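Enquirer: Can you keep this structure in mind? I'll have questions shortly.
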Amino acid sequence: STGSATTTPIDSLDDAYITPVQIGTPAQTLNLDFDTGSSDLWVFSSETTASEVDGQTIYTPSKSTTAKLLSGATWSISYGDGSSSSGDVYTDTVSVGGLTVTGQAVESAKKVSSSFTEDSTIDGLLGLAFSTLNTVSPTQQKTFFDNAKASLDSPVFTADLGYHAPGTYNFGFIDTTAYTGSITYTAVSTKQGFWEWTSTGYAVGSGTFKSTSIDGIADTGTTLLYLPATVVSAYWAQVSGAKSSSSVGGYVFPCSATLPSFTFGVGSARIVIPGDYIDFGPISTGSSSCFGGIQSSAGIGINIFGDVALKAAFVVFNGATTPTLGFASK
Ligand SMILES: C[C@H](NC(=O)CCC(=O)c1cccs1)c1cccnc1
C-alpha cells in the first residue's frame, strides 16, 4: 500500500505545516502537525478542557463506531519549546492520504498548554519519530508509520515541504519526479529515538565549504534550523546589523537586509537553503527588526534540522531494518 497527502503552511511565514488526517468511522478529518521529532499521535477532542479549545476541530470518539477506549492508558508529553499536553487513549481507524491503519492509538487530550490553545489551525500532532519515544503508559504505543510499515510497498515515508507553498508527505514510495539529481543517503542513530544524523559541514552564501561534523535531528515539527553557536555566528556575521538579542530570544536582523544562502552537507552532497527561507519577518507587527531562521542550539542540547532546512530538500525517512535518511535537491 501507499499514501500521499498534501501538507500546507499554517501561515505566511511557514511557522508549521498541517496535513489532513481521517480518524474514526464515519471519518472525522483533523489537520495534524506531522512531527518527525516526536512519537505521539494526539488530538484536540471532546474531552479537552473547554477553556483550552479555541477554534480547533475536535475528535469525538463517542461518534466513531470503531473507537475503543484503551483501558487504563494515559499519556503526557512535553516538547522542547515548553509546550505540553496530556490525556487518555482510544484506538481507532486512521487514514492519511489513502493509507489506512486500523487500531491506531489516538491520544485524546484532556489538557493542552497555552500555545496549543492559541493556535487554532493545529488540531493535534502526528508523531513520526521512533516508537521508543511514545509516552503512553503503562503500555507504550506505536506510531502511525510503525503500524503501517509492514503493509507499505517500501518501508519509507518522504517529506517534501514547500516554501510559502503546499508540499507533500508520501508513505510507501519515493516519487522520482519530486526531486532533481540523486538522493544521498546518510546513517541514522536511533539511540535517542530521533532521526539523528551527522551533517558533513556548511557554507554561508558563496563562501567556502567548512568540513565539520554536525550531529542533529531531522525534525519536521520544529520550525527553524538550530545549529552550534559557532556556525550560527558565522552566518549572521555576513548580515549587516544582525545581532543576537537576549530580549527577543535569538538573532534578529534588519528587515531591509538581503539574506545570504546557507548550505549544509549530506555526505559529499550539498543542500542549499536560499536566503529568503531564513526570513521569519518582523519580531512584532510593524517592526523593522526581523527574526532569523537560523538560531543557536546552545540552550537546547541538540542540533535540529527543522523546517527551514528540510523544506530546501526532498527528504527520505527510510524505515528499513537499519534506518537511514536521504536528501535530494529539488
Ligand atoms: C518546537 C518543538 N520542537 C521540539 O520539541 C524539538 C525537540 C527538542 O527541542 C528536544 C529534543 C531533545 C532535547 S530538546 C515542538 C513543539 C511541539 C511539537 N513538536 C515539536
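Chain lettering (A, B, ...) mirrors the order of the C-alpha cells, residue numbering begins at 1 for each chain separately, and ligand numbering begins at 1 in order of display.
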At a cut-off of 9 Å, using only C-alpha atoms, what residues contact residue A:189? Leave out same-chain residues fewer than 5 positions from it and give the result as a PyMOL selection string.

Expert: chain A and resi 194-197+323-324

Enquirer: Only N, CA, C and O atoms, please: the residues just picked out, written as a PDB file, in the first residue's frame.

Expert:
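As a result, selection.pdb now contains:
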```pdb
ATOM      1  N   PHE A 194      15.245   9.554  17.810  1.00  0.00           N
ATOM      2  CA  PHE A 194      15.065  10.540  16.741  1.00  0.00           C
ATOM      3  C   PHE A 194      15.668  10.043  15.425  1.00  0.00           C
ATOM      4  O   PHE A 194      16.448   9.089  15.400  1.00  0.00           O
ATOM      5  N   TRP A 195      15.337  10.743  14.338  1.00  0.00           N
ATOM      6  CA  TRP A 195      16.033  10.572  13.070  1.00  0.00           C
ATOM      7  C   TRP A 195      17.308  11.420  13.156  1.00  0.00           C
ATOM      8  O   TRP A 195      17.376  12.538  12.628  1.00  0.00           O
ATOM      9  N   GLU A 196      18.301  10.874  13.851  1.00  0.00           N
ATOM     10  CA  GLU A 196      19.511  11.604  14.177  1.00  0.00           C
ATOM     11  C   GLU A 196      20.603  11.217  13.194  1.00  0.00           C
ATOM     12  O   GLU A 196      20.828  10.030  12.947  1.00  0.00           O
ATOM     13  N   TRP A 197      21.283  12.213  12.639  1.00  0.00           N
ATOM     14  CA  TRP A 197      22.271  12.002  11.604  1.00  0.00           C
ATOM     15  C   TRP A 197      23.403  13.018  11.785  1.00  0.00           C
ATOM     16  O   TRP A 197      23.352  13.850  12.692  1.00  0.00           O
ATOM     17  N   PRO A 323      17.596   1.933   9.799  1.00  0.00           N
ATOM     18  CA  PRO A 323      17.081   3.160   9.188  1.00  0.00           C
ATOM     19  C   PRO A 323      18.181   4.061   8.646  1.00  0.00           C
ATOM     20  O   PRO A 323      19.297   4.082   9.170  1.00  0.00           O
ATOM     21  N   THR A 324      17.849   4.814   7.607  1.00  0.00           N
ATOM     22  CA  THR A 324      18.730   5.843   7.078  1.00  0.00           C
ATOM     23  C   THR A 324      17.884   7.049   6.666  1.00  0.00           C
ATOM     24  O   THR A 324      16.653   6.977   6.646  1.00  0.00           O
TER      25      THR A 324
END
```

Enquirer: Neighbours of ligand 1 at 6 Å or closer, counting only C-alpha atoms and all ligand atoms: which residues, as an NGL selection string?

Expert: :A and (35 or 37 or 79-81 or 221-222 or 300-302)

Enquirer: Go ahead and save the residues from that selection, with N, CA, C and O atoms, as a PDB file, in the first residue's frame.

Expert:
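Output below, filename part_9.pdb:
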```pdb
ATOM      1  N   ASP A  35       5.172  15.338  12.755  1.00  0.00           N
ATOM      2  CA  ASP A  35       6.314  15.718  13.570  1.00  0.00           C
ATOM      3  C   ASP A  35       7.319  14.568  13.649  1.00  0.00           C
ATOM      4  O   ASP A  35       7.157  13.651  14.450  1.00  0.00           O
ATOM      5  N   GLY A  37      10.089  14.572  14.965  1.00  0.00           N
ATOM      6  CA  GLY A  37      10.817  14.650  16.223  1.00  0.00           C
ATOM      7  C   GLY A  37      10.073  14.144  17.450  1.00  0.00           C
ATOM      8  O   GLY A  37      10.625  14.213  18.544  1.00  0.00           O
ATOM      9  N   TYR A  79       7.296  19.202  25.063  1.00  0.00           N
ATOM     10  CA  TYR A  79       8.200  19.411  23.945  1.00  0.00           C
ATOM     11  C   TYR A  79       9.302  20.394  24.318  1.00  0.00           C
ATOM     12  O   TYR A  79       9.271  21.024  25.380  1.00  0.00           O
ATOM     13  N   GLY A  80      10.283  20.527  23.438  1.00  0.00           N
ATOM     14  CA  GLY A  80      11.452  21.336  23.723  1.00  0.00           C
ATOM     15  C   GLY A  80      11.165  22.814  23.889  1.00  0.00           C
ATOM     16  O   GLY A  80      11.984  23.544  24.453  1.00  0.00           O
ATOM     17  N   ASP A  81      10.014  23.258  23.392  1.00  0.00           N
ATOM     18  CA  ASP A  81       9.634  24.665  23.462  1.00  0.00           C
ATOM     19  C   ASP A  81       8.804  24.956  24.708  1.00  0.00           C
ATOM     20  O   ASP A  81       8.298  26.065  24.882  1.00  0.00           O
ATOM     21  N   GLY A 221       8.707  18.854  12.860  1.00  0.00           N
ATOM     22  CA  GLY A 221       7.920  19.533  13.874  1.00  0.00           C
ATOM     23  C   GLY A 221       8.583  20.725  14.553  1.00  0.00           C
ATOM     24  O   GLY A 221       7.992  21.314  15.461  1.00  0.00           O
ATOM     25  N   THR A 222       9.788  21.084  14.117  1.00  0.00           N
ATOM     26  CA  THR A 222      10.462  22.289  14.570  1.00  0.00           C
ATOM     27  C   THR A 222      10.551  23.226  13.376  1.00  0.00           C
ATOM     28  O   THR A 222      10.896  22.801  12.272  1.00  0.00           O
ATOM     29  N   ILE A 300      19.514  24.326  23.898  1.00  0.00           N
ATOM     30  CA  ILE A 300      18.595  23.199  23.643  1.00  0.00           C
ATOM     31  C   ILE A 300      19.177  21.826  23.971  1.00  0.00           C
ATOM     32  O   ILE A 300      18.461  20.946  24.457  1.00  0.00           O
ATOM     33  N   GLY A 301      20.452  21.630  23.665  1.00  0.00           N
ATOM     34  CA  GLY A 301      21.116  20.371  23.940  1.00  0.00           C
ATOM     35  C   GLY A 301      21.222  19.446  22.740  1.00  0.00           C
ATOM     36  O   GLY A 301      21.866  18.402  22.820  1.00  0.00           O
ATOM     37  N   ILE A 302      20.597  19.819  21.627  1.00  0.00           N
ATOM     38  CA  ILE A 302      20.712  19.051  20.399  1.00  0.00           C
ATOM     39  C   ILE A 302      20.570  20.002  19.218  1.00  0.00           C
ATOM     40  O   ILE A 302      19.893  21.023  19.316  1.00  0.00           O
TER      41      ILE A 302
END
```

Enquirer: Determine, counting only C-alpha atoms, which protein, DNA and RNA residues have an atom within 7 Å of an atom of stretch 119-129 of chain A; residues of the same chain fewer than 6 positions away are not included. Present the result as number ranges by chain.

Expert: A: 10, 18, 30-44, 54-58, 143, 145, 193-195

Enquirer: Generate the output file for the selected residues, N, CA, C and O atoms, as an mmCIF file, in the first residue's frame.

Expert:
```
data_model
loop_
_atom_site.group_PDB
_atom_site.id
_atom_site.type_symbol
_atom_site.label_atom_id
_atom_site.label_comp_id
_atom_site.auth_asym_id
_atom_site.auth_seq_id
_atom_site.Cartn_x
_atom_site.Cartn_y
_atom_site.Cartn_z
ATOM 1 N N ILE A 10 0.687 26.793 7.884
ATOM 2 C CA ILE A 10 -0.405 27.346 8.671
ATOM 3 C C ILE A 10 -0.549 28.860 8.526
ATOM 4 O O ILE A 10 -1.595 29.412 8.859
ATOM 5 N N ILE A 18 0.334 21.753 8.286
ATOM 6 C CA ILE A 18 -0.750 20.862 8.670
ATOM 7 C C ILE A 18 -1.167 19.970 7.511
ATOM 8 O O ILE A 18 -1.169 20.376 6.335
ATOM 9 N N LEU A 30 -9.167 15.843 10.863
ATOM 10 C CA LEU A 30 -8.445 16.829 11.650
ATOM 11 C C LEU A 30 -7.164 17.193 10.918
ATOM 12 O O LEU A 30 -6.576 16.351 10.242
ATOM 13 N N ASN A 31 -6.701 18.427 11.100
ATOM 14 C CA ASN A 31 -5.473 18.875 10.469
ATOM 15 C C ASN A 31 -4.344 18.776 11.478
ATOM 16 O O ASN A 31 -4.296 19.538 12.447
ATOM 17 N N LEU A 32 -3.447 17.815 11.262
ATOM 18 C CA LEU A 32 -2.408 17.490 12.236
ATOM 19 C C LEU A 32 -1.041 17.965 11.769
ATOM 20 O O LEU A 32 -0.770 18.076 10.571
ATOM 21 N N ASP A 33 -0.198 18.267 12.750
ATOM 22 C CA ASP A 33 1.183 18.669 12.522
ATOM 23 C C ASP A 33 2.048 17.406 12.542
ATOM 24 O O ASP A 33 2.252 16.793 13.590
ATOM 25 N N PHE A 34 2.507 16.987 11.360
ATOM 26 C CA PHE A 34 3.330 15.791 11.237
ATOM 27 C C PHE A 34 4.720 16.114 11.775
ATOM 28 O O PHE A 34 5.372 17.054 11.303
ATOM 29 N N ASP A 35 5.172 15.338 12.755
ATOM 30 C CA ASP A 35 6.314 15.718 13.570
ATOM 31 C C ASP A 35 7.319 14.568 13.649
ATOM 32 O O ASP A 35 7.157 13.651 14.450
ATOM 33 N N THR A 36 8.370 14.624 12.838
ATOM 34 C CA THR A 36 9.378 13.574 12.837
ATOM 35 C C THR A 36 10.316 13.629 14.046
ATOM 36 O O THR A 36 11.205 12.779 14.162
ATOM 37 N N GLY A 37 10.089 14.572 14.965
ATOM 38 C CA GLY A 37 10.817 14.650 16.223
ATOM 39 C C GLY A 37 10.073 14.144 17.450
ATOM 40 O O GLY A 37 10.625 14.213 18.544
ATOM 41 N N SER A 38 8.859 13.618 17.290
ATOM 42 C CA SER A 38 8.145 13.012 18.417
ATOM 43 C C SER A 38 7.322 11.834 17.928
ATOM 44 O O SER A 38 7.273 11.565 16.726
ATOM 45 N N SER A 39 6.674 11.138 18.864
ATOM 46 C CA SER A 39 6.146 9.814 18.553
ATOM 47 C C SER A 39 4.763 9.556 19.110
ATOM 48 O O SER A 39 4.373 8.402 19.267
ATOM 49 N N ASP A 40 4.013 10.629 19.370
ATOM 50 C CA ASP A 40 2.637 10.533 19.857
ATOM 51 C C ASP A 40 1.720 11.128 18.793
ATOM 52 O O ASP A 40 2.026 12.183 18.213
ATOM 53 N N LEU A 41 0.611 10.436 18.530
ATOM 54 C CA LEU A 41 -0.465 10.968 17.718
ATOM 55 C C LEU A 41 -1.523 11.415 18.708
ATOM 56 O O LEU A 41 -2.189 10.576 19.325
ATOM 57 N N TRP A 42 -1.639 12.723 18.909
ATOM 58 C CA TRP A 42 -2.606 13.246 19.864
ATOM 59 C C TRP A 42 -3.462 14.312 19.228
ATOM 60 O O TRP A 42 -3.017 15.003 18.305
ATOM 61 N N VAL A 43 -4.697 14.420 19.716
ATOM 62 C CA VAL A 43 -5.670 15.320 19.132
ATOM 63 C C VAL A 43 -6.467 16.094 20.166
ATOM 64 O O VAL A 43 -6.720 15.622 21.276
ATOM 65 N N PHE A 44 -6.860 17.301 19.774
ATOM 66 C CA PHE A 44 -7.934 18.007 20.447
ATOM 67 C C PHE A 44 -9.176 17.129 20.346
ATOM 68 O O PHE A 44 -9.411 16.484 19.312
ATOM 69 N N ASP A 54 -9.944 26.647 21.342
ATOM 70 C CA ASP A 54 -10.228 27.944 20.736
ATOM 71 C C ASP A 54 -10.128 27.844 19.212
ATOM 72 O O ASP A 54 -9.156 28.292 18.613
ATOM 73 N N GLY A 55 -11.132 27.224 18.600
ATOM 74 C CA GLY A 55 -11.229 27.166 17.155
ATOM 75 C C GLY A 55 -10.755 25.874 16.525
ATOM 76 O O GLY A 55 -10.977 25.678 15.337
ATOM 77 N N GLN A 56 -10.091 24.995 17.278
ATOM 78 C CA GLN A 56 -9.630 23.728 16.715
ATOM 79 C C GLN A 56 -10.810 22.810 16.392
ATOM 80 O O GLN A 56 -11.868 22.873 17.011
ATOM 81 N N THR A 57 -10.612 21.947 15.413
ATOM 82 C CA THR A 57 -11.525 20.840 15.159
ATOM 83 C C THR A 57 -11.201 19.730 16.145
ATOM 84 O O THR A 57 -10.042 19.399 16.356
ATOM 85 N N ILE A 58 -12.237 19.159 16.750
ATOM 86 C CA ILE A 58 -12.059 18.118 17.753
ATOM 87 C C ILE A 58 -12.483 16.748 17.260
ATOM 88 O O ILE A 58 -13.398 16.605 16.449
ATOM 89 N N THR A 143 3.774 4.396 16.513
ATOM 90 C CA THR A 143 3.412 5.481 15.608
ATOM 91 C C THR A 143 2.627 4.952 14.419
ATOM 92 O O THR A 143 2.641 3.758 14.105
ATOM 93 N N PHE A 145 3.370 5.423 11.322
ATOM 94 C CA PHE A 145 4.302 4.824 10.370
ATOM 95 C C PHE A 145 4.717 3.415 10.791
ATOM 96 O O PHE A 145 4.753 2.500 9.972
ATOM 97 N N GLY A 193 15.912 7.953 19.943
ATOM 98 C CA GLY A 193 14.557 7.869 19.421
ATOM 99 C C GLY A 193 14.248 8.799 18.264
ATOM 100 O O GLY A 193 13.115 8.819 17.795
ATOM 101 N N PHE A 194 15.245 9.554 17.810
ATOM 102 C CA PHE A 194 15.065 10.540 16.741
ATOM 103 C C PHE A 194 15.668 10.043 15.425
ATOM 104 O O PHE A 194 16.448 9.089 15.400
ATOM 105 N N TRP A 195 15.337 10.743 14.338
ATOM 106 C CA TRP A 195 16.033 10.572 13.070
ATOM 107 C C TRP A 195 17.308 11.420 13.156
ATOM 108 O O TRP A 195 17.376 12.538 12.628
#
```

Enquirer: Pick out the closest residue to residue A:162 from this set: A:220, A:102, A:255, A:63. Count only C-alpha atoms.

Expert: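 Using only C-alpha atoms, residue A:162 sits closest to A:220.
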
Enquirer: List the spatial neighbours of residue A:154 as a PyMOL selection string - criterion: any atom at most 9 Å away, only C-alpha atoms, same-chain residues fewer than 6 positions off excluded.

Expert: chain A and resi 1-2+171-174+318-320

Enquirer: What's the 9 Å shell around residue A:141, counting only C-alpha atoms, without same-chain residues fewer than 5 positions away, as a PyMOL selection string?

Expert: chain A and resi 39-40+104-105+131-132+134-136

Enquirer: Got time to write the residues from that selection, N, CA and C atoms, as a PDB file, in the first residue's frame?

Expert:
```pdb
ATOM      1  N   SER A  39       6.674  11.138  18.864  1.00  0.00           N
ATOM      2  CA  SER A  39       6.146   9.814  18.553  1.00  0.00           C
ATOM      3  C   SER A  39       4.763   9.556  19.110  1.00  0.00           C
ATOM      4  N   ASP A  40       4.013  10.629  19.370  1.00  0.00           N
ATOM      5  CA  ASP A  40       2.637  10.533  19.857  1.00  0.00           C
ATOM      6  C   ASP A  40       1.720  11.128  18.793  1.00  0.00           C
ATOM      7  N   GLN A 104      -4.984   2.117  15.442  1.00  0.00           N
ATOM      8  CA  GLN A 104      -4.013   3.138  15.798  1.00  0.00           C
ATOM      9  C   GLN A 104      -4.352   3.766  17.143  1.00  0.00           C
ATOM     10  N   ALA A 105      -3.343   3.959  17.993  1.00  0.00           N
ATOM     11  CA  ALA A 105      -3.538   4.705  19.226  1.00  0.00           C
ATOM     12  C   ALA A 105      -3.725   6.181  18.902  1.00  0.00           C
ATOM     13  N   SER A 131       9.121   4.734  17.812  1.00  0.00           N
ATOM     14  CA  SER A 131       8.074   4.461  18.783  1.00  0.00           C
ATOM     15  C   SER A 131       8.594   4.355  20.216  1.00  0.00           C
ATOM     16  N   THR A 132       9.896   4.169  20.363  1.00  0.00           N
ATOM     17  CA  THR A 132      10.511   4.184  21.684  1.00  0.00           C
ATOM     18  C   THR A 132      10.314   5.499  22.450  1.00  0.00           C
ATOM     19  N   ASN A 134       7.339   7.105  22.375  1.00  0.00           N
ATOM     20  CA  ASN A 134       5.916   7.275  22.642  1.00  0.00           C
ATOM     21  C   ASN A 134       5.642   7.326  24.140  1.00  0.00           C
ATOM     22  N   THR A 135       4.778   8.242  24.576  1.00  0.00           N
ATOM     23  CA  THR A 135       4.595   8.477  26.013  1.00  0.00           C
ATOM     24  C   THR A 135       3.465   7.688  26.683  1.00  0.00           C
ATOM     25  N   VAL A 136       2.728   6.880  25.936  1.00  0.00           N
ATOM     26  CA  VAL A 136       1.589   6.184  26.523  1.00  0.00           C
ATOM     27  C   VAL A 136       2.065   5.203  27.592  1.00  0.00           C
TER      28      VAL A 136
END
```

Enquirer: Within stretch 162-222 of chain A, find each residue whose DSSP state, derived from the backbone, is strand (DSSP E or B), and express the selection as a list in words.

Expert: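 These are the residues in question: residues 167, 168, 169, 170, 171, 184, 185, 186, 187, 189, 196, 197, 198, 199, 200, 201, 202, 203, 204, 210, 211, 212, 213, 214, 215, 216, 217 and 218 of chain A.
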